[PDB]
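Peer 1: Below you'll find the structure I mean.
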Amino acid sequence: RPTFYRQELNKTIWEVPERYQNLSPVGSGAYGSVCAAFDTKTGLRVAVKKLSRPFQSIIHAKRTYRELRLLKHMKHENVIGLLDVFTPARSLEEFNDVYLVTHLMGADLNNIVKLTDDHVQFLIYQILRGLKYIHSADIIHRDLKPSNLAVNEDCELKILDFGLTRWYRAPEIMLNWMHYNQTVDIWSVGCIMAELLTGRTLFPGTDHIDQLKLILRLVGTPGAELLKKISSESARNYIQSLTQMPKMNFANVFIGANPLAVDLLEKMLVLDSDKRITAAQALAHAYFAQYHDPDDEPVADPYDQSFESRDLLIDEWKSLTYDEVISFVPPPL
Ligand SMILES: O=C(Nc1cc(Nc2ccc3c(c2)CCc2ccc(OC[C@H](O)CO)cc2C3=O)ccc1F)c1ccccc1
Ligand SMILES: CCCCCCCCO[C@@H]1O[C@H](CO)[C@@H](O)[C@H](O)[C@H]1O
């Protein structure tokens, strides 16, 4: 076992192996803070995430386990991958802290697009390619948005925070539809791509109701065929007593855009999620012919999400997470 050194960083303590040097705060999220570090074994800059209160509750404990399991499973160029996982603890009894190490990207899409058609083409292409891979493990992201997309200087992109604002969320989510298909994520890609080409948030709702009014404005109120599929009297009545809008012409909306990007946006931003282009299909659209290679667009090994339906004790989630830490086998490059 390596030796750790301790350090106070923004009210939080950081205890990490000595192989990781020059720790400096990049920022903090909902469930952890992330530091930039140097990795003396590789000469590379890494991202080190310390989990905040990983076992505070049963849902936190299960959330901690979930993140570790997801991260150990992803082996793809366009999805965040695990370099290292460590804890300063010598035993299970000690176990109370988790640190995760990934490649340091240097920015998120928020930071870089605030683009040119070729930039957009390349970024969306890579998003779609990582999604194809995630979707193939029967994993749904559910919160794709620019702040979840890590991009470096070479314009290479990795999807972060993937599996389980409202500006990017599919309409079937803000209505709390029971279940979702994978193409909830295609909607979000539609919204991101739109923003990249225009400079503006496609649907900047003030809330879930406003948000929805903006979507139906671009896309049109659902017709009887989509209405056939809505059980909820609540949901269905609102829509039916609503101000019937027609579907706008996208050519008009996105005046100036590559028409091949206008066409893809048209196939992504369908209200009926059964009618949305999938990630596979999108990769083969004409907009991406200069990046698209069928034989370099991989799918994932089967992902066991059975733990998700299980209701266990904190100590059980904590101990499962520990097993995951200990069995971690690094990537060779
Ligand atoms: O993604 C899951 N877990 C997870 C997430 C992360 N998150 C990361 C990583 C890298 C980066 C960012 C966020 C943020 C964008 C960004 C901005 C500035 C920057 O450098 C600026 C500074 O000036 C350097 O010079 C670097 C980066 C960056 O590179 C890190 C480790 C993890 F483990 C997960 C997966 C599944 C389920 C739950 C969670
Ligand atoms: C009010 C505007 C939003 C209504 C249209 C969103 C419906 C999305 O589409 C629906 O998604 C469901 C999964 O969530 C599928 O099971 C349905 O087959 C599909 O029609």
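Chain labels run A, B, ... following the order of the structure tokens; each chain numbers its residues from 1, and ligands are numbered from 1 in the order shown.
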Name the residues, by chain letter and number, that sit within 8 Å of ligand 1 using only C-alpha atoms and all ligand atoms, and give them as a short mmCIF file (atom, residue, chain, number, x, y, z; two decimals) with N, CA, C and O atoms, in the first residue's frame.

Peer 2:
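Once written, out38.cif looks like this:
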```
data_model
loop_
_atom_site.label_atom_id
_atom_site.label_comp_id
_atom_site.auth_asym_id
_atom_site.auth_seq_id
_atom_site.Cartn_x
_atom_site.Cartn_y
_atom_site.Cartn_z
N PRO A 25 -7.97 23.12 -6.46
CA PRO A 25 -9.43 23.01 -6.63
C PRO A 25 -9.92 23.49 -7.99
O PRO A 25 -9.67 24.64 -8.35
N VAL A 26 -10.58 22.61 -8.74
CA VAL A 26 -11.23 23.02 -9.99
C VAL A 26 -12.67 23.45 -9.67
O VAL A 26 -13.19 24.40 -10.27
N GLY A 27 -13.29 22.79 -8.71
CA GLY A 27 -14.66 23.12 -8.33
C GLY A 27 -15.33 22.00 -7.57
O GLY A 27 -14.72 20.96 -7.29
N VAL A 34 -13.84 18.44 -6.85
CA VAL A 34 -12.83 17.91 -7.77
C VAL A 34 -11.59 18.79 -7.77
O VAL A 34 -11.69 20.02 -7.85
N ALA A 36 -7.56 19.28 -9.49
CA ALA A 36 -6.56 19.01 -10.52
C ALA A 36 -5.27 18.56 -9.81
O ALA A 36 -4.84 19.19 -8.85
N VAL A 46 -4.44 14.78 -13.87
CA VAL A 46 -5.60 13.95 -13.54
C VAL A 46 -6.65 14.75 -12.82
O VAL A 46 -6.36 15.81 -12.30
N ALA A 47 -7.88 14.25 -12.82
CA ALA A 47 -8.93 14.82 -11.98
C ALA A 47 -9.14 13.89 -10.79
O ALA A 47 -9.37 12.70 -10.97
N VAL A 48 -9.03 14.44 -9.59
CA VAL A 48 -9.27 13.70 -8.35
C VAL A 48 -10.56 14.20 -7.71
O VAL A 48 -10.65 15.37 -7.33
N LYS A 49 -11.55 13.29 -7.60
CA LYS A 49 -12.80 13.58 -6.91
C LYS A 49 -12.88 12.87 -5.57
O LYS A 49 -12.80 11.65 -5.48
N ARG A 63 -25.81 5.54 -3.83
CA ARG A 63 -25.33 6.46 -4.85
C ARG A 63 -23.80 6.36 -5.05
O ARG A 63 -23.33 6.41 -6.19
N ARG A 66 -23.13 3.06 -6.78
CA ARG A 66 -23.55 3.23 -8.16
C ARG A 66 -22.51 3.94 -9.02
O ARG A 66 -22.22 3.46 -10.10
N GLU A 67 -22.01 5.10 -8.56
CA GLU A 67 -20.94 5.83 -9.25
C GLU A 67 -19.66 4.97 -9.46
O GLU A 67 -19.09 4.93 -10.57
N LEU A 68 -19.21 4.30 -8.40
CA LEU A 68 -18.08 3.38 -8.54
C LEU A 68 -18.31 2.28 -9.57
O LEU A 68 -17.48 2.11 -10.45
N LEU A 70 -20.48 2.17 -12.18
CA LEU A 70 -20.56 2.85 -13.48
C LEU A 70 -19.18 3.16 -14.05
O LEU A 70 -18.86 2.77 -15.16
N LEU A 71 -18.40 3.87 -13.24
CA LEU A 71 -17.05 4.27 -13.58
C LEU A 71 -16.09 3.13 -13.88
O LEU A 71 -15.27 3.31 -14.76
N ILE A 80 -16.16 9.38 -19.65
CA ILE A 80 -15.27 9.39 -18.48
C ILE A 80 -14.90 7.99 -18.02
O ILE A 80 -15.74 7.10 -17.93
N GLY A 81 -13.61 7.79 -17.73
CA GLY A 81 -13.09 6.46 -17.39
C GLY A 81 -12.33 6.54 -16.08
O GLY A 81 -11.93 7.63 -15.69
N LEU A 82 -12.11 5.39 -15.42
CA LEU A 82 -11.47 5.40 -14.10
C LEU A 82 -9.99 5.14 -14.23
O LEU A 82 -9.61 4.06 -14.67
N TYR A 99 -12.10 8.45 -3.10
CA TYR A 99 -11.53 9.37 -4.07
C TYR A 99 -11.49 8.70 -5.41
O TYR A 99 -11.06 7.59 -5.54
N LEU A 100 -11.92 9.42 -6.44
CA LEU A 100 -11.88 8.84 -7.76
C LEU A 100 -10.99 9.69 -8.65
O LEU A 100 -11.07 10.92 -8.61
N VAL A 101 -10.18 9.02 -9.46
CA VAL A 101 -9.19 9.68 -10.34
C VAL A 101 -9.51 9.38 -11.81
O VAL A 101 -9.65 8.24 -12.20
N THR A 102 -9.67 10.44 -12.60
CA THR A 102 -9.88 10.33 -14.05
C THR A 102 -8.93 11.27 -14.82
O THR A 102 -8.22 12.05 -14.19
N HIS A 103 -8.93 11.21 -16.16
CA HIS A 103 -8.15 12.13 -16.99
C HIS A 103 -8.60 13.56 -16.69
O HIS A 103 -9.77 13.79 -16.42
N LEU A 104 -7.69 14.52 -16.73
CA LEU A 104 -8.13 15.90 -16.55
C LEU A 104 -8.41 16.49 -17.92
O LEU A 104 -7.58 16.44 -18.80
N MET A 105 -9.59 17.03 -18.12
CA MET A 105 -9.93 17.50 -19.45
C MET A 105 -9.57 18.97 -19.63
O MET A 105 -8.98 19.35 -20.63
N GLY A 106 -9.92 19.79 -18.65
CA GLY A 106 -9.49 21.18 -18.67
C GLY A 106 -10.62 22.17 -18.80
O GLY A 106 -10.44 23.36 -18.49
N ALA A 107 -11.79 21.69 -19.24
CA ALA A 107 -12.99 22.51 -19.38
C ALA A 107 -14.25 21.64 -19.56
O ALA A 107 -14.16 20.44 -19.82
N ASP A 108 -15.41 22.26 -19.40
CA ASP A 108 -16.65 21.67 -19.84
C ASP A 108 -17.22 22.52 -20.97
O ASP A 108 -16.81 23.67 -21.12
N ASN A 111 -17.93 26.11 -20.91
CA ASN A 111 -16.73 26.94 -20.92
C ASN A 111 -16.18 27.25 -22.31
O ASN A 111 -15.45 28.23 -22.50
N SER A 147 -22.59 21.19 -18.87
CA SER A 147 -21.74 21.06 -17.69
C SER A 147 -21.35 19.60 -17.41
O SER A 147 -20.41 19.33 -16.69
N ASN A 148 -22.06 18.66 -18.01
CA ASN A 148 -21.70 17.23 -17.94
C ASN A 148 -20.80 16.74 -19.10
O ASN A 148 -20.53 15.55 -19.23
N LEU A 149 -20.36 17.67 -19.94
CA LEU A 149 -19.47 17.34 -21.08
C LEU A 149 -18.07 17.97 -20.92
O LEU A 149 -17.91 19.17 -21.08
N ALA A 150 -17.09 17.13 -20.63
CA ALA A 150 -15.71 17.54 -20.45
C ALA A 150 -15.00 17.57 -21.81
O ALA A 150 -15.06 16.58 -22.58
N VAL A 151 -14.36 18.70 -22.10
CA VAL A 151 -13.68 18.94 -23.39
C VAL A 151 -12.27 19.51 -23.10
O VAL A 151 -12.09 20.35 -22.21
N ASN A 152 -11.27 19.00 -23.80
CA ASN A 152 -9.93 19.59 -23.70
C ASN A 152 -9.63 20.56 -24.86
O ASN A 152 -10.53 21.01 -25.57
N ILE A 159 -18.24 12.39 -21.89
CA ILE A 159 -19.46 12.45 -21.15
C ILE A 159 -19.17 12.13 -19.69
O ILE A 159 -18.53 11.12 -19.37
N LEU A 160 -19.63 13.02 -18.83
CA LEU A 160 -19.61 12.79 -17.38
C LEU A 160 -20.99 12.54 -16.80
O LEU A 160 -22.00 12.88 -17.42
N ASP A 161 -20.98 12.02 -15.55
CA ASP A 161 -22.12 11.91 -14.59
C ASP A 161 -23.35 11.11 -15.02
O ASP A 161 -24.49 11.44 -14.64
N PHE A 162 -23.09 10.03 -15.74
CA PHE A 162 -24.05 9.30 -16.60
C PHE A 162 -24.71 7.98 -16.16
O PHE A 162 -24.40 6.97 -16.74
N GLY A 163 -25.63 7.95 -15.23
CA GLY A 163 -26.45 6.74 -15.13
C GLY A 163 -27.16 6.68 -13.81
O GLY A 163 -26.79 7.42 -12.90
N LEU A 164 -28.14 5.78 -13.68
CA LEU A 164 -29.07 5.79 -12.51
C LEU A 164 -29.89 4.50 -12.40
O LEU A 164 -30.87 4.44 -11.62
#
```

Peer 1: For residue A:286, please output as a PyMOL selection string all residues within 12 Å (counting only C-alpha atoms; exclusion window: fewer than 6 positions along the same chain).

Peer 2: chain A and resi 121+125+258-264+292

Peer 1: What do you get as a CSV table (one decimal) with N, CA and C atoms, in the first residue's frame if you pick all residues at most 8 Å from ligand 2, counting only C-alpha atoms and all ligand atoms?

Peer 2:
```
chain,number,residue,atom,x,y,z
A,170,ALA,N,-35.8,16.1,-21.7
A,170,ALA,CA,-36.9,15.7,-22.6
A,170,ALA,C,-38.3,16.0,-21.9
A,171,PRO,N,-39.3,16.3,-22.7
A,171,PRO,CA,-40.6,16.7,-22.2
A,171,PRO,C,-41.2,15.6,-21.3
A,172,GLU,N,-41.0,14.3,-21.7
A,172,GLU,CA,-41.5,13.2,-20.9
A,172,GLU,C,-40.9,13.1,-19.5
A,173,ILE,N,-40.0,14.0,-19.1
A,173,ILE,CA,-39.4,13.9,-17.8
A,173,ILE,C,-40.0,15.0,-16.9
A,175,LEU,N,-43.0,16.3,-17.1
A,175,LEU,CA,-44.2,15.5,-16.8
A,175,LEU,C,-43.5,14.3,-16.2
A,177,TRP,N,-43.4,11.2,-16.2
A,177,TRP,CA,-43.8,10.0,-16.8
A,177,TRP,C,-43.1,8.9,-16.0
A,178,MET,N,-43.8,7.7,-15.9
A,178,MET,CA,-43.3,6.6,-15.0
A,178,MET,C,-41.9,6.2,-15.5
A,179,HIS,N,-41.9,5.7,-16.8
A,179,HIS,CA,-40.6,5.2,-17.4
A,179,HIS,C,-40.2,6.0,-18.6
A,180,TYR,N,-39.0,5.8,-19.0
A,180,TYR,CA,-38.3,6.6,-20.1
A,180,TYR,C,-37.6,5.7,-21.1
A,181,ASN,N,-37.6,6.0,-22.4
A,181,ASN,CA,-36.7,5.3,-23.2
A,181,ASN,C,-35.3,5.9,-23.3
A,184,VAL,N,-34.6,9.8,-24.4
A,184,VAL,CA,-34.6,11.0,-23.6
A,184,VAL,C,-33.3,11.8,-23.7
A,212,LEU,N,-42.2,23.6,-21.0
A,212,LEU,CA,-43.1,22.9,-21.9
A,212,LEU,C,-43.8,23.7,-23.0
A,215,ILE,N,-41.4,24.2,-25.8
A,215,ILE,CA,-41.1,23.0,-26.6
A,215,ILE,C,-42.2,22.9,-27.7
A,216,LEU,N,-43.5,22.9,-27.2
A,216,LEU,CA,-44.6,22.8,-28.1
A,216,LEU,C,-44.7,24.0,-29.0
A,221,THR,N,-48.0,21.0,-30.7
A,221,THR,CA,-48.8,20.2,-29.7
A,221,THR,C,-48.9,18.8,-30.3
A,222,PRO,N,-49.0,17.7,-29.4
A,222,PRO,CA,-49.1,16.4,-29.9
A,222,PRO,C,-50.4,16.1,-30.6
A,226,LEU,N,-50.0,10.5,-30.7
A,226,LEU,CA,-49.2,10.6,-29.5
A,226,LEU,C,-50.1,10.6,-28.3
A,227,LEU,N,-51.2,11.4,-28.4
A,227,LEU,CA,-52.2,11.4,-27.3
A,227,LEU,C,-52.8,10.0,-27.0
A,229,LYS,N,-51.3,7.6,-26.5
A,229,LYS,CA,-50.3,6.8,-25.7
A,229,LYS,C,-50.2,7.4,-24.3
A,230,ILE,N,-50.9,8.5,-24.0
A,230,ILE,CA,-50.9,9.1,-22.6
A,230,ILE,C,-52.1,8.6,-21.7
A,235,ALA,N,-52.1,14.9,-17.2
A,235,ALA,CA,-51.3,15.2,-18.3
A,235,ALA,C,-52.1,15.4,-19.6
A,236,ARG,N,-52.9,14.5,-20.0
A,236,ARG,CA,-53.7,14.5,-21.2
A,236,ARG,C,-54.7,15.6,-21.3
A,239,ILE,N,-52.8,19.1,-22.0
A,239,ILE,CA,-52.4,19.2,-23.4
A,239,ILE,C,-53.6,19.4,-24.3
A,271,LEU,N,-41.3,15.1,-30.2
A,271,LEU,CA,-42.0,14.8,-28.9
A,271,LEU,C,-42.2,13.3,-28.6
A,272,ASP,N,-42.7,12.6,-29.6
A,272,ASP,CA,-42.9,11.2,-29.5
A,272,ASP,C,-41.6,10.5,-29.5
A,273,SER,N,-41.2,10.0,-28.3
A,273,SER,CA,-39.8,9.4,-28.1
A,273,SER,C,-39.6,8.1,-28.8
A,274,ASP,N,-40.7,7.5,-29.2
A,274,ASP,CA,-40.6,6.3,-30.1
A,274,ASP,C,-40.2,6.7,-31.5
A,275,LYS,N,-40.4,8.0,-31.9
A,275,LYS,CA,-40.1,8.5,-33.2
A,275,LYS,C,-38.7,9.2,-33.3
```

Peer 1: Please give the complete set of residues from stretch 36-284 of chain A that DSSP, run on the backbone, assigns to alpha helix (DSSP H), formatted as a PyMOL selection string.

Peer 2: chain A and resi 58-73+109-112+117-135+171-174+184-198+208-219+224-227+233-240+250-253+259-268+279-283

Peer 1: Which residue, A:7, A:78, A:165, A:96, has the smallest gap to residue A:54 when you use only C-alpha atoms?

Peer 2: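 Checking each candidate against residue A:54, we get A:96 as the closest.
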
Peer 1: Calculated over only C-alpha atoms, which of the candidates A:316, A:120, A:5, A:284 has the smallest distance to residue A:297?

Peer 2: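 Among the listed residues, the smallest separation from residue A:297 belongs to A:284.
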